[PDB]
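Engineer:
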Amino acid sequence: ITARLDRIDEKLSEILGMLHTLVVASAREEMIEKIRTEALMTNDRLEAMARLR
Amino acid sequence: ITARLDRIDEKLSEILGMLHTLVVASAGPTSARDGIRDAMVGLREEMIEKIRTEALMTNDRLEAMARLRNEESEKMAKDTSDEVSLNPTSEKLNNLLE
Amino acid sequence: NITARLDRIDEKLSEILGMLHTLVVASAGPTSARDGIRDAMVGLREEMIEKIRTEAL
Amino acid sequence: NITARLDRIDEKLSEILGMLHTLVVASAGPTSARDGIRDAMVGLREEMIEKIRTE
Amino acid sequence: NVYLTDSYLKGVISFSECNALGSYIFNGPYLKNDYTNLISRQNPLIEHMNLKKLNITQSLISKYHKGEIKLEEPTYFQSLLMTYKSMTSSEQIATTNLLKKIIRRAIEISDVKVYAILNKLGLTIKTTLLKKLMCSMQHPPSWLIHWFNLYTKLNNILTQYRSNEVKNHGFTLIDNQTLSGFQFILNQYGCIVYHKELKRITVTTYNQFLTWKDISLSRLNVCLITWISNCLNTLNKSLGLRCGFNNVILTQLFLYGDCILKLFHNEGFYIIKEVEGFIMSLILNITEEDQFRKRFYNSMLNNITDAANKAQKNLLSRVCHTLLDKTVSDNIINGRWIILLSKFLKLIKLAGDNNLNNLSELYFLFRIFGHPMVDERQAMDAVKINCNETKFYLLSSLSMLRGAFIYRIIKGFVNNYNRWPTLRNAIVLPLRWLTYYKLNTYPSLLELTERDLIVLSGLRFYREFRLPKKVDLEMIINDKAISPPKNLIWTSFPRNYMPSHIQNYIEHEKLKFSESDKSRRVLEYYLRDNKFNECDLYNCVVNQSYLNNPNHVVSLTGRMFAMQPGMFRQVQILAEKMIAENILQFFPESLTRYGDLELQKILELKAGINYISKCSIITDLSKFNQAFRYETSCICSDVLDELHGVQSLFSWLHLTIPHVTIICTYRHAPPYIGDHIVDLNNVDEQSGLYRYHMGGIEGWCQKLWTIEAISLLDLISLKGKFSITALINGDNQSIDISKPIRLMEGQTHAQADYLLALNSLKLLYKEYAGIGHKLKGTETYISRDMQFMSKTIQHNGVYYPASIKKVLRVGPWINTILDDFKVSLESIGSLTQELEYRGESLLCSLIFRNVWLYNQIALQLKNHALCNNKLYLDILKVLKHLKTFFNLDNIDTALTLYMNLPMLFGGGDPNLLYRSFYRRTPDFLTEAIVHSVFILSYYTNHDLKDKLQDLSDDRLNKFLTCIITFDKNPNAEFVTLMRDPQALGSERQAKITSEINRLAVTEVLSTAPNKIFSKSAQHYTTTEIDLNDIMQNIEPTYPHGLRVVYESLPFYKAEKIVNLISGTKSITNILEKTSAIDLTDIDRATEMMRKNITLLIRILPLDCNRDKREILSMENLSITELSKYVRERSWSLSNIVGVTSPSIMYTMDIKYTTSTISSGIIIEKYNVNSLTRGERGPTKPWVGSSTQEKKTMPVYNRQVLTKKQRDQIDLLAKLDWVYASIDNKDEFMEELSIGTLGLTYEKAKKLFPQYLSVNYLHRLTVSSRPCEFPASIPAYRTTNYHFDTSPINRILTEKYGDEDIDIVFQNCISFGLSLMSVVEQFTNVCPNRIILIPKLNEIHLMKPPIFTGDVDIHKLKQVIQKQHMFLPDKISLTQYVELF
Ligand SMILES: CN1C(=O)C2(CCN(c3cnc(C#N)c(Cl)c3)CC2)c2cc(Br)ccc21
């Protein structure tokens, strides 16, 4: 109740930092991790049906 | 613990206020017409003054300024006006018709 | 009162999520297809994974 | 309960940071970054085929 | 190899062709100062060189260089031609006598049908009406003789040229005497016109001459129709059309339009196009109230004057440095043109007469002045500014658009599948939306907030629909042209217009492409593909082989038509097909319904839509596409991609086109290529060539933008707090807006409606500008109380048509291939039915039809381009045979009879008599026999109120005896009844072009390099043999069940392609790269035409009626039993069930006074006025919808199957329903289910709908049975009458009892309604009641038969195996697992 809200606050601070960095810059591994994770979770849905045969 | 919920709420309000003034410029040809340019994001006033300095090439920049600002230009104000006003040739033709 | 104050942080985070996803989708345009990075920004869908599975087994 | 309402917030925050990472990485002008992305995706595909063929 | 040229304009008039020809001939810039004139004078084409080297052209050029003649522009000579009145000779008598003869003959032909109708209703000329009309039409007026003479002259010139060019290739017509004053040098590649006493000369093209002839024909048709209608309305006010024009005003209108076209220039069409708005203004001044109509009037004046000023500016700019610099009139510089314009407009108002009928019919004026020359490079440059512009959006706008789209999709899934779509992102939803998700519900628009849409825009989906794995050959193959690849684009221009390096490059680089890549048409693009595979499109889409492809071009041809190579065109077609198949079910506002009654349906359902203020907004969305970008289209294309499990299939356009060069590939408009440059993406950007196109090509991706517009309308309705009812039909958006308001003190309903309209317009403009679409005051208008949609006008529930506009091009050889006689007759008849279906005039339509049928048969057969006069000799021998058989007195009477008997028996009447009362019928042979009986009543004096009697006049007995007596000669009974359940057999009916060209098409296809076509065409004949052998032992023949069996096999899809290919000219030269016709095709067509003309000699033999001393007795004769016997005898079959149906026009006797008999249907008039045309009543509009089957649908997941599989399942279910009595039904169904669907019968039976209807003879849904039975009157009028069918069920249950009978009650009601209409037309007063009493001699039982016999399973397997390349996708194990 006391630590969790502070984790939320730190993540919001980092969010504001990256959002400034994005919106003022008019002129990779985390992204690949997320891509791989969700591609694996879609392949799992495919495998469930492939094994249900 | 409300002293922390307040600092969470202020941060959420700041993010939602800085996300409701973002402006997107569509992708198009570069300057000197060689290649395509990426879509551009940036705060409202920065984009407006980039339009004024014509760093982003476009026609009808006046309505762009008057639409990025929540305002009504006079062209669009007479486009949706109560009464329609004729032209010199239109009044000449209307006199000929009556 | 804590639950009624936590049921608004969620509705603000959901709006932030909607806006950021619309931005992500609108930023993957013709230059991303030209450079070949558009599938890293929109996701791999059923057909590519089925092709990978057919070429695997 | 409150722990579930905090779990939801944690999940949403992680999703927001993921979207922001995507947006900021993809916005890199030099060709090096966009070449690294497609090389990493080349790798990922034929490393996914590995885990698929294993099981 | 013969060359047949056009007789009507089918194409565009080219600016660049005329420019190049005139620039080479006169040695200077003719129309513009383009690159076309420079290359034309530098390196002219060989046809231009041939035209310039003639002996008369050299003389005229010498005269021109001496300053003795002045050069002009084609509009000047159009104005000269349309006023030609040097018709003062012994030429003035011949034209008048010819027109008088045509009119007299048309009335004499119409007399027979008028007599028959007046006899049936109980109401050389035998009718008093037509005798009065003939007395009234004895002196044609001068304005009609003018246009008839002009059309005759121009048509003679064209016929002479076409005949002499068929006989000799490379023939130039040099004419000086046909049209006194003018000198024509006509050809296929140009036209030179010279006027000697005015000292004028012009150069134009062949299509411009065709346009001039079409103009003269259109004005002749207008004058004819108005003269006939005026003469009809002078006798009876209900007899003619609803319009009342005066032809002096119409002549003045033609003159002033020609003056406007001659005064300004080619640029004058832009002005006349504006006058449509002017007419609309004259309509609103009648229907609308002060504020709306004042606003529209002022906006219209502004639009017209802006158009005129722009026209003057562009005209003065264009002709500055050309040879036409001294041709600009002085009335343009000093501004005195306005006076002219004023007079024009005044005449239009004087022509309107302050009447909605005149003002609605007056829209023919915009098809009277011709067509402009379309400048191509300028049309390309006009949109380059709109599609290269940068757009600026707020992220909130895109978020809300995506959220409204996702809301529409969620709501549609919940309504159609009782299920939220599968989300992969439900973490992002809040609690109140998670409740909706898990309860499978949604909120309404009144409970929806703008934050909810931003929350919804974050959802991601799983695959819900599946892509087909094998290509459908019916959707990718058509009869159009295709674009070359990017390296072979320079083959779009003549070799003379290309530099030497481009020619060398083309010849050295055509050696590295396939034979299908070097193709110039779609059909041969597919036929020449020797590496074709049906899983090519699926692999292209899944692998994204269309992204970053170096073979991609966009080629424009003007109004612009764009094309690309074949792969990208495949991807485009597939994307639009998937949208039409899977998504348009969630958007019921998107329509594609263009039709006679469908538009009336839409306008009716639109009219059905402390105060409730209302308004309507009309918007034109033609230029809607140029404003779209990736950011605005693909935020929804992404949702569709996720729903189909693919990537960038619906986003292909804005990801591929920005990297392509847009080029104009007109033949006479090449670009300037700098030397040492061969690549197209390296050529300098110029007029007619550019790059970096953002925005989308017109026509491609239209459905995406339609559903996006609908989502934006939902967003606007949310933001504005009012109710919206929207309709989009193509490129026309209509919005009805409603809002509850509390009226102030003194405020009127009108002012509240006006305020609502203004505020709604402001909101619409702002919300459209938010996404980058700037609406103009020329594309939008507001109103309150007039229903307008797709150029159709309704007011107060009454519909106002524009028939004259659609009957403008009726003529001799319209809409045929190789000048077919039968198809031309059919098209004339079908085009003239519109003066009766919409115009509500039987007799005007009839007389116009007879005028042009007589002209086409008795005057234009002698002048056939390929069949010089053989068809006329055939006609004369048929007339002699008819005169001998029926004992007539002349060949004139013989032709009057020939033109009145149906085309089924070999006659020349394309319109059967039942179509004046109802539109559909279930049996053509009975209608033909009844029509023949009614027609022959004119000569035999039989009364159609008594019964069939034997009299001393035995013409009808002779006719019926020759109909039922002939020599049986059946051949291929079952496959023929499969492809047409109404066929006769034993050569008892006329043949059509498909049956004639089938074998030629198959032998041409047997040699195609594509194996999918070669094997099919090589197995065609044995497949036909097997298909005839399949269902031959099932004895009770049901041709509709045979049709159902036929449609469930791959030979159906194989035959679609052949029927499509057999509709081209020169079928033999498909793979020969030639535009000429082979003599074998001409011989086939000629012999077919001759056989079809002389059919009436074989059907009605003089041979003692086929040695039949027995004659037919008519005492107690049933026409429907005779029809059934005739149909069975021609196929040598014992019993054919379910095809014969009585005729309502023959079965029903018509009474007007009520009697104690108390029988038949009753039709009463609920209106109180004596007349009904142009009124509305308190009843519901009659739509004769038929009763389908009652069936229960099994419960499974349907979106797991495609559409072909869901169609095959319904077909197999109908087969299980119908042929459930045969002796080996289990093996039959097992074979079908395992051959076509891939599953066994036990597993397939679980997806079959179960039919609760017992009598399939009564309720079966096949493509060969009519689905609805409307009347021959407009819908709005059906509301004036009330019907009851109860007194007939009391007599039909005592004679049969609870049994099904063969009769359509829908057609009975339609007959009654059209009968009311026609009686009002002919008597000038509508009757109060009519009673229809049936003849029970014609009604029979309809009981489902018990089938006996065995189906041949071996032949079924042979048919399935020989055409296996047209089978649909099998249902997999992975798919059958998810089905449950
Ligand atoms: C400003 N504006 C107009 O003046 C009109 C209305 C009248 N209209 C026609 C044209 N042809 C026919 C035919 N047949 C008919 Cl029945 C009406 C022309 C354009 C119009 C239509 C649409 Br959608 C959108 C805006 C406008």
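Chains as they are written, first to last, in the deposited numbering: chain E, 131 to 157, 174 to 199; chain B, 131 to 228; chain C, 130 to 186; chain D, 130 to 184; chain A, 11 to 133, 184 to 618, 627 to 677, 690 to 1460. Note that beta-carbon positions come from the ideal geometry of N, C-alpha and C, so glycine has one too.
Under 6 Å Cβ to Cβ from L146 (chain B), same chain only, skipping five residues before and after it: list those, please.
Structural biologist: None.
Engineer: May I ask which residues mark the beginning and end of the alpha helix (DSSP H) holding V282 (chain A)?
Structural biologist: It spans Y266 to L295 - the alpha helix (DSSP H) in which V282 (chain A) sits, taken as one unbroken run.
Engineer: If you measure from the beta carbon of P481 (chain A) to each beta carbon in chain C, is any gap under 8 Å?
Structural biologist: No, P481 (chain A) does not count as interfacial toward chain C.
Engineer: Since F1363 (chain A) contacts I1389 (chain A) with CB under 8 Å, what's their CB separation in whole angstroms?
Structural biologist: Going by Cβ atoms, the distance from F1363 (chain A) to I1389 (chain A) rounds to 5 Å, so yes, they are a contact pair.
Engineer: Within the same chain, show all residues whose beta-carbon is closer than 8 Å to that of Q1029 (chain A), passing over the 5 residues directly before and after it, in chain order.
Structural biologist: Cβ neighbours of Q1029 (chain A) beyond the five flanking positions: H1022, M1194 and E1195.
Engineer: Could you tell me whether the segment 412-426 of chain A touches the segment 747-756 of chain A, where touching means 3 or more Cβ pairs closer than 8 Å?
Structural biologist: Segments in contact, no.
Engineer: Between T160 (chain D) and chain E, is the shortest Cβ-Cβ distance under 8 Å, so that the two count as touching?
Structural biologist: No, no contact with chain E.
Engineer: Using the three-state DSSP reduction, which class does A806 (chain A) fall into: helix, strand or coil?
Structural biologist: In the structure shown, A806 (chain A) sits in a strand (DSSP, three-state: E or B).
Engineer: Is it buried or exposed for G172 (chain D), if we count other Cβ within 10 angstroms and need 16 for buried?
Structural biologist: That one is exposed.
Engineer: Please confirm whether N216 (chain A) and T238 (chain A) have their CB atoms less than 8 Å apart.
Structural biologist: In this structure, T238 (chain A) lies closer than 8 Å to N216 (chain A) by Cβ.
Engineer: Quick check: is any heavy atom of ligand 1 less than 7 Å from the C-beta of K871 (chain A)?
Structural biologist: Yes; taking the cut-off as 7 Å, the Cβ of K871 (chain A) has a heavy atom of ligand 1 nearer than that.
Engineer: How should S728 (chain A) be labelled, buried or exposed, when 16 other C-beta atoms within 10 angstroms of its C-beta is the threshold for buried?
Structural biologist: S728 (chain A) comes out buried.
Engineer: Which word fits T160 (chain B), buried or exposed, when buried means at least 16 other C-beta atoms lie within 10 angstroms of its C-beta?
Structural biologist: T160 (chain B) should be labelled exposed.
Engineer: Can you tell me whether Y861 (chain A) sits near ligand 1, meaning its C-beta is under 7 Å from at least one heavy atom of the ligand?
Structural biologist: Yes, Cβ of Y861 (chain A) sits closer than 7 Å to a heavy atom of ligand 1.
Engineer: For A1355 (chain A) and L665 (chain A), which I take to be in contact (beta-carbon distance under 8 Å), what is that distance rounded to the nearest angstrom?
Structural biologist: The pair is a contact, with the Cβ atoms about 6 Å apart (cut-off 8 Å).
Engineer: Under a three-way DSSP split, which group does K180 (chain C) fall into?
Structural biologist: Note: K180 (chain C) maps to helix in three-state DSSP.
Engineer: Would you decide whether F1460 (chain A) is buried or exposed? Buried here means 16 or more other CB atoms lie within 10 Å of its CB.
Structural biologist: Per the 10 Å Cβ criterion, exposed.
Engineer: Which residues, in order along the segment 142-157 of chain D, keep a beta-carbon less than 8 Å from a beta-carbon of chain C?
Structural biologist: Residues passing the 8 Å Cβ filter: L142, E144, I145, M148, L149, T151, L152, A155 and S156.
Engineer: In the DSSP output, which residue or residues are listed as bridge partners for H229 (chain A)?
Structural biologist: None, per the DSSP bridge assignment.
Engineer: Near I1110 (chain A), which residues of its chain fall below 7 Å by C-beta distance, leaving aside the five closest residues on each side in sequence?
Structural biologist: Cβ neighbours of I1110 (chain A) beyond the five flanking positions: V1431, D1432, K1435, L1436 and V1439.
Engineer: Check the C-beta distance from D1003 (chain A) over to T1220 (chain A) and give it rounded, since I have them as a contact under 8 Å.
Structural biologist: With a Cβ gap of about 6 Å, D1003 (chain A) and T1220 (chain A) count as contacting.
Engineer: Tell me where the alpha helix (DSSP H) around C695 (chain A) begins and ends.
Structural biologist: No alpha helix (DSSP H) holds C695 (chain A); the beta strand (DSSP E) holding it covers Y691 to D700.
Engineer: With a threshold of 7 Å on Cβ separation, who are the neighbours of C380 (chain A) within its own chain once the five nearest residues in sequence on each side are excluded?
Structural biologist: No residues qualify anywhere along the chain.
Engineer: Taking DSSP as the reference, what is the three-state secondary structure of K403 (chain A)?
Structural biologist: The answer is helix: DSSP assigns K403 (chain A) an H, G or I state.
Engineer: Here's the rule I'm using: 16 or more other beta-carbon atoms within 10 Å means buried, otherwise exposed. How should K20 (chain A) be labelled?
Structural biologist: Result: exposed.
Engineer: Quick one: does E179 (chain D) have its CB under 8 Å from some CB of chain A?
Structural biologist: Chain A, which has no Cβ nearer than 8 Å to the Cβ of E179 (chain D), makes this no.
Engineer: For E140 (chain D) and chain A, any beta-carbon pair shorter than 8 Å?
Structural biologist: Closer than 8 Å to some Cβ of chain A, the Cβ of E140 (chain D) qualifies, so yes.
Engineer: Using Cβ-Cβ distances below 7 Å, what residues of the segment 756-789 of chain A are close to chain C?
Structural biologist: Correct list: empty, as no residue qualifies.
Engineer: Going by the C-beta, is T699 (chain A) closer than 7 Å to any heavy atom of ligand 1?
Structural biologist: Correct: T699 (chain A) has its Cβ closer than 7 Å to ligand 1.
Engineer: Hey, would you say the C-beta of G919 (chain A) is under 7 Å away from at least one heavy atom of ligand 1?
Structural biologist: Checking the Cβ of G919 (chain A) against ligand 1 gives no.
Engineer: Does the beta-carbon of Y357 (chain A), which I'm using as the reference point, lie nearer than 7 Å to any heavy atom of ligand 1?
Structural biologist: Result no, Cβ not under 7 Å from ligand 1.
Engineer: State whether the segment 131-151 of chain B contacts the segment 136-151 of chain C, with contact taken as three or more CB pairs (one from each stretch) at a distance under 8 Å.
Structural biologist: A contact exists between the segment 131-151 of chain B and the segment 136-151 of chain C.
Engineer: With 16 other CB atoms within 10 Å as the buried threshold, where does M59 (chain A) fall?
Structural biologist: So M59 (chain A) counts as exposed.
Engineer: Considering only their Cβ atoms, is the gap separating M1225 (chain A) from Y994 (chain A) smaller than 8 Å?
Structural biologist: Yes, the Cβ-Cβ distance between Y994 (chain A) and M1225 (chain A) is below 8 Å.
Engineer: By Cβ distance, which residues of its chain are closer than 6 Å to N895 (chain A), with the 5 residues on each side in sequence left out?
Structural biologist: The answer, listed in chain order, is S907.
Engineer: From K1025 (chain A) to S1223 (chain A), what does the alpha carbon distance come to, in whole angstroms?
Structural biologist: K1025 (chain A) and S1223 (chain A): Cα-Cα distance of roughly 16 Å.
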